[PDB]
Number of protein chains: 2
Amino acid sequence: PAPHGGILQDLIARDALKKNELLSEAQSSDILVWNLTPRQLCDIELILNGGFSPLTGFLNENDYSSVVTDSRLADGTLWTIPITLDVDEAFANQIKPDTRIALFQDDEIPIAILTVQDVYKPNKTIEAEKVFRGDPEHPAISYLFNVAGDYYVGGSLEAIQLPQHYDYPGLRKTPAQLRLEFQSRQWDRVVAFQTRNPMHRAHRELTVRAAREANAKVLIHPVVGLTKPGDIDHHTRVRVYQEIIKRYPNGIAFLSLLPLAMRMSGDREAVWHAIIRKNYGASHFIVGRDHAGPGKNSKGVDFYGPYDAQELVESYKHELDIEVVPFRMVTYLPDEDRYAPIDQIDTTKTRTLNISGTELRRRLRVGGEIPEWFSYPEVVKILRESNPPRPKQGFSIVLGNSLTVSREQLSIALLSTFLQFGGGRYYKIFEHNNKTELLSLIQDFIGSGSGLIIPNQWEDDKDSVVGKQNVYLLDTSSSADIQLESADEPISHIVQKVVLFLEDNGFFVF
Amino acid sequence: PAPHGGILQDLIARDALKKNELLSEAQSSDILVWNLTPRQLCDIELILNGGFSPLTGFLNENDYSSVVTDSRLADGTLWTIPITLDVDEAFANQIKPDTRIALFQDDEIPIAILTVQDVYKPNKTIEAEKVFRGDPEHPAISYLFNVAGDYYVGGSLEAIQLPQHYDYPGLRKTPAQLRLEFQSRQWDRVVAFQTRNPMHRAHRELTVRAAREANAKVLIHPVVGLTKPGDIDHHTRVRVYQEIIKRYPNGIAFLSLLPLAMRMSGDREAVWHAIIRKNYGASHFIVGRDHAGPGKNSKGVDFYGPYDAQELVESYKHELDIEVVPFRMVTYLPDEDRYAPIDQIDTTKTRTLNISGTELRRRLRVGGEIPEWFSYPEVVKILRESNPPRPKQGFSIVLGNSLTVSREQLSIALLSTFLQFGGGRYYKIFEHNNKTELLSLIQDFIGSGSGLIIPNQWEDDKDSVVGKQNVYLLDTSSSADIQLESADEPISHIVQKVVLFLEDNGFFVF
Ligand SMILES: Nc1ncnc2c1ncn2[C@@H]1O[C@H](COP(=O)(O)OS(=O)(=O)O)[C@@H](O)[C@H]1O
Ligand SMILES: Nc1ncnc2c1ncn2[C@@H]1O[C@H](COP(=O)(O)OS(=O)(=O)O)[C@@H](O)[C@H]1O
Ligand SMILES: [O-][Cl+2]([O-])[O-]
Ligand SMILES: [O-][Cl+2]([O-])[O-]
Ligand SMILES: [Ca+2]
Ligand SMILES: [Ca+2]
Ligand SMILES: [Ca+2]
Ligand SMILES: [Ca+2]
Ligand SMILES: [Ca+2]
Ligand SMILES: [Ca+2]
Ligand SMILES: [Mg+2]
Ligand SMILES: [Mg+2]
Ligand code: NA
Ligand code: NA
Ligand code: NA
Ligand code: NA
Ligand code: NA
Ligand code: NA
Ligand code: NA
Ligand code: NA
Ligand code: NA
Ligand code: NA
Ligand code: NA
Ligand code: NA
């Protein structure tokens, strides 16, 4: 289909002969420089390559507010997610309209030149409520208030080069390249499948059914840009996709990585996704249950209805110009060994089965066996390998402030004790001295599977530098993960308490 | 490197705007038509896509004889394999210079328009001796005298479309497409590996070493056009390649199918291969032991020296304009579990190991276990599956002419007898009635694993319609595979003889 807006805005192609000139202006000591934030790098790449056609820069206030209140650009073009360049007051104050800024990656690689159209201070509450539905726990809203700059800079781009990536060089196909890919193959019907999770059996069936319904080839188009916090890293997912792609009949599917930065914005994002895939050459786009939805909030309520995206996408149907293949909860059928849309069964006459991602983590974290029917073995293997069960996980024991015994001796006692268990885990008494350069390493070790014995707490002003993950507090306090009887409880007693606690939580298995 | 001759002769690109017109001329009832032979289809495809740059048609006598006697085109361009359009006297007589011929595929798809330059009658003995070294058993020589036409038609081409392929649509990259592939990846150093056999451990190591030595990315560029008779089919090989490519570090290798029609011409072919790989975008080309060599003749002598190709390629080194990475016999080192070039070991101080393809077929045909060190398991699995051991192979027992017993009853006896063994093999008394439409099916069944009981021989004039493979003659004659005592030997006796013979050759296992 025609790219959204009618013209693929591949600015790398457009500005090619200006490459050298733009590069010189980018490195000239007079120009103002902004180092792109991670999410911005994702966005900037989708704007420069045509993925966000018709966009050609970051939204000015006029287009931005139109998108917030109208799900459309100022000119009426259907567009649901605001793409802006968020900066801080300091930087915002050094720019005026007509100014030209150099956009860098890693304060070293010049990406593009942005020509300023305006500098405004968005009402984050409105954006949060009109675009992401208001819940403070919604991922997009948390980013907007805790990570995003309080100033937006609308303006047009002139491309120097897409953001730098040293991984999967062959796979991050640009809209132009994908289209060429489909052509060399004479693929004129392609149904794209969005995703941010590893694909399991349900999804393989889901995508093949779509392939069959639409009479089209399959495009696994996963996000490797930025997804829901706590998601499986894209490296692991890529390995999973590459593995599962082999279970498709020869020549039916194509894999391409999309450096998109999701907002986990349910229905609106679904619309945005469809526009994006259309630019990339797809003729069909799947929209299953709770598409781009972040699940439930701490209170158990849904951020979006499991089918809000489908309804919204349906309502813009006549102007999306890319056919949407909707799917209802695809689930497992024990008695018949096969999956099927829940909309075409049940009646109690048929018994289903469904292993939610929740419980999926649970078995991964507990070395539990994951059903042959649920996911392919090679896939589960890759997953366990990246997310090991507790007996292979790292952790830390922090000797609480209330601790009266010799921290030096209690430390050694724990070390020598853990050491006798064996099991390949590396242990260390780790003294941080409140130096963030040391604190920031704590999660590295835990990530590496090591067990750390930390003799002292770190000041509360530093608590943010340390990832709470697998970090237990040994103390008399009620807020201690491992509660002691008294601050001066004898070492061997404290030791047994720590060991049995770790054993209870699966870190040790005898 | 620059394509050979300086200009990539991608005629599909060149003649694009003449597509419709050429197509009309091609299907006009007045034009003369030649249906391309299989090898010609391979050649025509490499000529139209630039693979044979600087060629732009089939060699006229002047260029042809220059290649035969000078390893160069008439203008001096280094070129070792003659590419000609061979036809029969009947067709040859209907054409003169300036004439335009339509070249079709399957007497249905028009491929190109050849403008005739000349029609000559090559002296096949000179070509055979100067180009392929003269031995009547050499694959290229045999083709030249038994399959090739006795007339060549020199002339220029105008492309309509590359020959049609329905398998591996994505993988048969053209020189233009490959180059783009390498670019999108920013690959400016690429060492290409030629091959017509499945790749085993030695090869994987051989190619990685070359990647390391040349500081270049790896291009597995296998031939799926036409190779040495009796080779493993390309479908099985492609499955093997796609499987083995996964053993390379992520993003170090790329796979592309080359529809080349080999001549198994040792050293000359190696030169030709290097020229072809250069056109396809490679900066380096591997030339190992006995490259493009057809082994030994029936008398046990070598068609080429194990390193003739290396020497020939070395002598044209300064004008190939593509760097050659030579390799000596790469072999296995038990005691150290690793492979290495034989040129950097031995001295008896080190013990090697080498499973020749010969003996490899042997185990494949005998269900023997193939060493973990020799090849990856997933690969052997694919091979066994395409080339099953005897107990899963088909066969035929032909009731000899000398037979005096009731052929009807002896047939039934063998059928009932084989039926009681079980083992998934399908059996059938097959009456051919000397009808080639039936005879031509004999090998289809054998290929399908079935056992055939044929009550009568076919007339000697038809013997050629039937593939000798797994076809045994039961007769009193000395030339019978299963020799009978007398023409009237009682059935149970003949039956035991046939059963034990088949058991002895592995078709039956109890
Ligand atoms: N069981 C299912 N039934 C229907 N659709 C599904 C199912 N599971 C996943 N999908 C769809 O698969 C696509 C990607 O799934 P996910 O990676 O879990 O999350 S998403 O944030 O990208 O939507 C979405 O269209 C989603 O709705
Ligand atoms: N053991 C080996 N040592 C060195 N080179 C080898 C070895 N085995 C295969 N090769 C090389 O691998 C390439 C392709 O091998 P093959 O498929 O068997 O045959 S060929 O006909 O394409 O040359 C050639 O360059 C060949 O010389
Ligand atoms: O399915 Cl993934 O959440 O593991
Ligand atoms: O290596 Cl092949 O001859 O099987
Ligand atoms: Ca703020
Ligand atoms: Ca719900
Ligand atoms: Ca006390
Ligand atoms: Ca002849
Ligand atoms: Ca020899
Ligand atoms: Ca007798
Ligand atoms: Mg990039
Ligand atoms: Mg073709
Ligand atoms: Na720096
Ligand atoms: Na409000
Ligand atoms: Na439709
Ligand atoms: Na709703
Ligand atoms: Na349209
Ligand atoms: Na417990
Ligand atoms: Na060159
Ligand atoms: Na026909
Ligand atoms: Na070199
Ligand atoms: Na020699
Ligand atoms: Na040169
Ligand atoms: Na024998």
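Indices start at 1 and increase along the chain as displayed.
For this deposited structure, the header notes the method as X-ray crystallography, 2.8 Å.
A Cβ is built for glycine as well, from the same backbone N, Cα and C atoms used for every other residue.
According to Swiss-Prot, the protein carries these features:
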ACT_SITE  B:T195  active site
ACT_SITE  B:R196  active site
ACT_SITE  B:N197  active site
BINDING   B:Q194, B:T195, B:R196, B:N197, B:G288, B:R289, B:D290, B:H291, B:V330  ATP binding site
BINDING   B:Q194, B:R196, B:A292  sulfate binding site
REGION    B:167-392  region 'Catalytic'
REGION    B:393-510  region 'Required for oligomerization'
SITE      B:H200  site 'Transition state stabilizer'
SITE      B:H203  site 'Transition state stabilizer'
SITE      B:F327  site 'Induces change in substrate recognition on ATP binding'
Per 10 Å Cβ neighbour count, which of the recorded positions B:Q194, B:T195, B:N197 ranks highest?
B:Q194
Work out how many Å separate B:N197 (active site) and B:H203 (site 'Transition state stabilizer') at their Cα atoms, rounded off.
10
Rounded inter-Cα distance in Å - B:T195 (active site), B:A292 (sulfate binding site):
8
Greatest Cα separation in angstrom, residues B:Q194, B:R196, B:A292 binding sulfate per the record, works out to 9
Rounded to a whole number of Å, the separation of the Cα atoms of B:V330 (ATP binding site) and B:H203 (site 'Transition state stabilizer') comes to 8
Per-state residue totals over the region 'Required for oligomerization' (B:393-510) - DSSP helix, strand, coil
40 helix, 19 strand, 59 coil
Just checking: which of B:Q194, B:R196, B:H200, B:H203, B:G288, B:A292 have a Cα that is within 10 Å of the Cα of B:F327 (site 'Induces change in substrate recognition on ATP binding'), counting only these recorded positions?
B:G288
CB contacts for B:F327 (site 'Induces change in substrate recognition on ATP binding') [other CB atoms within 10 A, all chains]
20
Spatial separation of B:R196 (active site) from B:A292 (sulfate binding site) - C-alpha basis, Å:
9
Quick one: Cα separation, B:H200 (site 'Transition state stabilizer') versus B:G288 (ATP binding site), in Å?
14
Helix, strand or coil at B:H203 (site 'Transition state stabilizer') [DSSP, three-state]
helix
Binding-site residues (B:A292, B:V330), the one with most neighbouring Cβ atoms at 10 Å
B:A292
Return one of helix, strand or coil for B:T195 (active site), based on DSSP.
coil
With B:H203 (site 'Transition state stabilizer') as the reference Cα, tell me which of the recorded positions B:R196, B:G288, B:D290 is the closest one.
B:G288
With the cut-off set at 10 Å between Cβ atoms, which of these recorded positions ends up with the most neighbours? Options: B:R196, B:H200, B:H203.
B:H200
Give me the long-range Cβ neighbours of B:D290 (ATP binding site): same chain, 6+ apart, Cβ under 8 Å, in sequence order.
B:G266, B:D302, B:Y304, B:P306, B:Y307, B:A309
Cβ-Cβ neighbours of B:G288 (ATP binding site) (radius 10 Å)
25
Three-state secondary structure, B:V330 (ATP binding site) (per DSSP)
strand
Distance from B:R196 (active site) back to B:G288 (ATP binding site), taken between C-alpha atoms, in Å
13
